[PDB]
Structure formats: C-alpha cells, structure tokens
Amino acid sequence: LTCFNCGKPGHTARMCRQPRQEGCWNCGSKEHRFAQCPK
Ligand SMILES: [Zn+2]
Ligand SMILES: [Zn+2]
C-alpha cells in the first residue's frame, strides 16, 4: 500500500489529492519517475 503519485505510504494515488512528484519517489532519480524505474 503506497501512493503512486506523491510517494507516501499508507494510501494510494487513487485516494491522493496531492499532485505528482518530480521523479522517482521510489528510488530518487529526477530524470525518471517511479512508473519509469525498474524498481
Ligand atoms: Zn499520495
Ligand atoms: Zn528509480
């Protein structure tokens, strides 16, 4: 259970009102996003 938008656990992007993160909230790259990242 983790937000695929802001990158905070305990919810889902479905539920999240917040706008997306810059890049990989998961791994930390700015160039790519979480959805892009192999991880
Ligand atoms: Zn969120
Ligand atoms: Zn990444």
# chains A, B, ... in the order shown; residues from 1 in each chain; ligands from 1
>>> residues_near_ligand(ligand="ligand 2", cutoff="9 Å", atoms="only C-alpha atoms and all ligand atoms", output="CSV table (one decimal) with C-alpha atoms, in the first residue's frame")
chain,number,residue,atom,x,y,z
A,23,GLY,CA,10.7,11.9,-10.5
A,24,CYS,CA,11.3,8.6,-8.8
A,25,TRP,CA,10.0,8.9,-5.3
A,26,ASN,CA,10.8,5.2,-5.1
A,27,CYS,CA,14.5,5.3,-6.0
A,28,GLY,CA,15.2,9.1,-6.1
A,29,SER,CA,16.1,9.8,-9.7
A,30,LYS,CA,14.8,13.1,-11.0
A,31,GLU,CA,15.2,12.2,-14.7
A,32,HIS,CA,12.8,9.3,-14.4
A,33,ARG,CA,9.7,8.6,-12.4
A,34,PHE,CA,8.6,5.7,-10.2
A,35,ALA,CA,6.5,4.3,-13.0
A,36,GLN,CA,9.6,4.5,-15.2
A,37,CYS,CA,12.0,3.0,-12.7
A,38,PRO,CA,12.8,-0.8,-13.0
A,39,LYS,CA,12.3,-0.8,-9.2
>>> closest_atom_pairs(of="chain A", to="ligand 1", cutoff="6 Å", atoms="only C-alpha atoms and all ligand atoms", output="CSV")
residue,atom,partner,partner_atom_place_in_ligand_line,distance
A:3,CA,ligand 1,1 (Zn),4.5
A:5,CA,ligand 1,1 (Zn),5.5
A:6,CA,ligand 1,1 (Zn),4.2
A:7,CA,ligand 1,1 (Zn),5.8
A:8,CA,ligand 1,1 (Zn),5.3
A:13,CA,ligand 1,1 (Zn),5.3
A:16,CA,ligand 1,1 (Zn),4.3
A:18,CA,ligand 1,1 (Zn),6.0
>>> residues_around(residues="residue 1 of chain A", least_positions_apart="3", cutoff="12 Å", atoms="only C-alpha atoms", output="PyMOL selection string")
chain A and resi 4+7-15
